[PDB]
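Shown here is one chain on its own, the form deposited in one PDB entry, set out as structure tokens.
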């Protein structure tokens, strides 16, 4: 629907693994009145990566929710390599950097507003049997001071018709410090592993993204910075099996930390649903207000 001749590059907005997003201006009339959009492209157009990208585009096109970034269209040059995904541009960037910038004006009830919006987005995802697999504040975008949106779906899979989990080990680097134990050990991804990751997101928010307090720093201090390569993952597994967990962040109430620890249950079936998390978060929010 968008033709590449009219997309004018302004700057780079973010990079993941295998993809990047650029701020561009769609200006078909060539009079600087077109709208600013975000454009996602692959950094190395493999055909495996291209099929993954087509499936991701199909997933994002099928989602319509207040806390999910909006699909706008696609764009391809000759043949259909150079495939690009057009999305709405969200003016405040990712929640990670935003929260780092404004820690002095974001109080706990605002964090709980963000938490509840994320939970509604994730529950919507679950009703379509989608598993996000990459829930982290770096993947949350800020539309304005009162609204966040889930922003990337490059790792998202659809559950098989007959099972409640999806087994997958991609080559490349994996956000192992947001991963549930069963995802580290058996590469199993389910709604419950997304709930584990959501607990890590809650931790992130309440640390206000102090980098020494990031999940990687804390886990690597708990297992010792000696470890290299595979050993890291191995020790992580073993640390999670003896109920090692990230500590309560400074200033976090015990109710919030209890939500976190309940998401970090070793037993996949004993973890809360996203609807229950939304309820608990909304009642804490209403108690504070």
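Here, rigid core means the biggest group of C-alpha atoms that superpose within 1.5 Å across both forms. Positions refer to the first chain, counted from 1.
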*Between us, would residue 215 come up missing in a third or more of the other compared entries?*
no
_Given the other compared entries that model the residues flanking it, would you say residue 171 is unmodelled in at least one third?_
yes
_Highest mean C-alpha temperature factor of the two stretches 130-138 and 77-85, which is it?_
77-85
_Mean Cα B-factor comparison, 193-201 or 99-107, giving the higher one as deposited_ = 99-107
*Which one, 36, 263, 60, 231, has the peak C-alpha temperature factor per the PDB entry?*
231
_Out of 246, 69, 259, 220, whose C-alpha atom has the biggest B factor in the entry?_
220
*Please place residue 40 in the lowest, middle or highest third of its chain by C-alpha B factor as given in the entry.*
lowest
*Going by the recorded CA B-factors, say which third of the chain residue 275 sits in, lowest, middle or highest.*
middle
*Split the chain's modelled residues into thirds by Cα B-factor; is residue 172 in the lowest, middle or highest one?*
highest
*Ranked by Cα temperature factor within the chain, is residue 185 in the lowest third, the middle third or the highest third?*
middle
*Taking the entry's C-alpha B-factors for this chain, is residue 11 in the lowest, middle or highest third?*
lowest
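The protein also exists as the form deposited in another entry; that form is not presented, and the subsequent description refers to it.
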*Core fitted between the shown form and the other one: which of 107, 170, 145, 186 shows a C-alpha shift of 2 angstroms or more?*
170
*Determine, after fitting the two forms on their core, whether residue 80 shows a C-alpha shift of 2 Å or more between the shown form and the other one.*
yes
*asked:* Between the shown chain and the other structure, the Cα gap of residue 170 to residue 134 differs by 3 Å or more. Is it closer or farther in that other deposited form?
replied: farther
*Given a change of 3 Å or more, say if the Cα atoms of residue 171 and residue 164 sit closer or farther in that other deposited form than in this form.*
closer
